Each structure stands twice: as structure tokens, then as C-alpha cells.
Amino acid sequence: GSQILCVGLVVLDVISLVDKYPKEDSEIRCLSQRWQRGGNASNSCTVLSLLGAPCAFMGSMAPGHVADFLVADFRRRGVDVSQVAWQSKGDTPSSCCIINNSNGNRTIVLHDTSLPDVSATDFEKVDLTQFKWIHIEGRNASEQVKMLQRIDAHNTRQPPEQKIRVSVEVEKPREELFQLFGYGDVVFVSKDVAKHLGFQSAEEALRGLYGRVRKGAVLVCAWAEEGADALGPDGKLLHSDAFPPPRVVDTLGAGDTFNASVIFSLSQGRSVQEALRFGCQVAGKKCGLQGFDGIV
């Protein structure tokens, strides 16, 4: 098993770069424009790829010129798309992204297109033998849990040296998702989810939510410019300072870059401290750049 698989969304991001966020009802002129292959699982694949780890994306896509663009980009990055759950109903999602060039704040107006999510069925049709690691962007709970149990099963029939590592991201404050909290060896929970659950810091969210996780799991929580924290089975809290760049110019997919990096690091044998640290280092570098290119 040599590849890392990420399961979630792909999206066409239509980006405008402005030097100040527009006031309601006003009209600004943008500095520059570009398109980008977005979506969480999609972004992660880009980062894993640029870091040298063979990987594969799996999510829904409607055939057309949009998809043509996205696939071209995938392949230009060496991301295996063979596992894509093609469709006929709905369109491929897109979004308008305003990025504030004076602090890299990014505002996203998303357009979901009814596109049916990957289902337990779809996943059942996948050859788990190719994959050292599988990461799942929490969207359709019920059905995703099903996929998770399938991987455990497969694991219960393997040497502890041939099991598939599983990470899970609960990014949205949404009750259906808290079941995911859940499975996997590594669980990512967003700052946004932690506040909405009443918590006002990472160590606090970490102490509050550790109870929900599979025995032996590592819970991970990033907190933007305050760094990231983690907490595992020994009860010892781990921390890493951020690596802010001098000028923050674009934070679109900062958290995806963080997630990808921590996975990469852990999948390469490194410790949780080290992975946490590396997570912060790559995310920091991305935020000082437009897009993904220059991080390596």
C-alpha cells in the first residue's frame, strides 16, 4: 500500500484579488483574477502531491467543461482520479472567492449543485490494497460511517504492519457529523466547530472533546494564528506555535494545507509533535503566497 486517498469535495474556485473587502452596495476593482481547483479533499491532494506523496482523489463530478478543467489540473499534479464517482444529475460545484490582499482574508460564496455525494456503495467498489492512508472530509455522515466500518473490517484481517491508517475531519458545526468523532486514528476538528460547541481555546476544546474519540486516537485542533494543539491516549497536551509569514496575502485552503502536511508527516513515521510542527510550517508558508506553487 503506497498511496494516500482523500475522500471529499472538488470545486472550481473563481478568485478575485482585492486590496480591501467591498462595502455592501459598493463597487471595487480587483487587482487580479484566476481559477483554482478547490474543495477540501481536492486541496489536500495538491499539497500531498507537491510534497512528494503519491495520492488519489475520490469525490463526485459531472462531466462537462468544468470537470475537464479540474481533471486536467489533477493530472498535471499527478493526482490519481481513477476513483472518481462520475455522475449525470447536477453540475460540478463552483464558487466566488474574494481574497483580501491586505490580510489574506477569504470570503467564499459557494454554489452546491445537488450533485449526489459519494455513497457507501461507491466506496465498496474500491481496492483498499493500494492505500497506506485514507482521509475523509466529513460531509454525508450516515453513509461515511459505513465506509469507515469497511476499513476497520479490512484492518482486523491484517498484520499490525499492513493496516490502513484513517484520518477524519469534522469541519462543520453540524450535529449529524459528531458521529464521526468517532472513528479513525487521527481526528481533525476545526476552530469554528470548537467555538460553536462553546469552547474558546484549543486546549479547552481538546479536553472537552477527547471523550468522544476511539480508544487510542489522536485528536487535533488548529487555531489559525495561535498555532495548533493535539492530545492523545497519554493525556499529554501537545502544542506548536504558528509560523506566520511577514505579509499574509491569501489564506484560502490554509487549513487544508495544514491537514495534508500533518498526514504526510505522520504517514512517514514522524511523531505527533513533529507532525504538528510541520503542519504549522507548511500552512504558514502557503499564507504568504497566492495559490499553492511556491511552498516547495
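All residue numbers refer to positions in the sequence shown, first residue = 1. The term rigid core refers to the maximal set of C-alpha atoms that superpose within 1.5 Å between the two forms.
Asker: Between 28-36 and 226-234, which one shows the bigger average Cα displacement from this form in 8 other deposited structures of this protein once the rigid core is aligned?
Answerer: Of the two stretches, the larger average C-alpha offset in 8 other deposited structures of this protein falls on 28-36.
Asker: Out of 160-168 and 101-109, which one has CA B-factors that are higher on average in the deposited record?
Answerer: Per the deposited B-factors, the answer is 160-168.
Asker: Which wins on mean Cα temperature factor, 146-154 or 199-207?
Answerer: Higher mean C-alpha B-factor: 146-154.
Asker: Whose C-alpha has the highest temperature factor in the PDB entry: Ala222, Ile134, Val126, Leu219?
Answerer: Comparing C-alpha B-factors across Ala222, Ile134, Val126, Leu219, the top value belongs to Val126.
Asker: Just to confirm, going by the entry's C-alpha B-factors, which of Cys96, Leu177, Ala72, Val187 comes out highest?
Answerer: That would be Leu177.
Asker: Ranking the modelled residues of this chain by C-alpha B-factor as given in the entry, is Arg37 in the lowest, middle or highest third?
Answerer: According to the entry, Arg37 has a C-alpha B-factor in the chain's middle third.
Asker: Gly294's Cα B-factor: lowest, middle or highest third of the chain?
Answerer: Middle third of the chain for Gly294's C-alpha B-factor.
Asker: Once the chain's modelled residues are ordered by C-alpha B factor and cut into thirds, is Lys20 in the lowest, middle or highest one?
Answerer: Answer is middle: the recorded C-alpha B-factor places it there.
Asker: Within this chain, which third does the Cα B-factor at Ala62 fall in: lowest, middle or highest?
Answerer: Its C-alpha B-factor belongs to the highest third of this chain's values.
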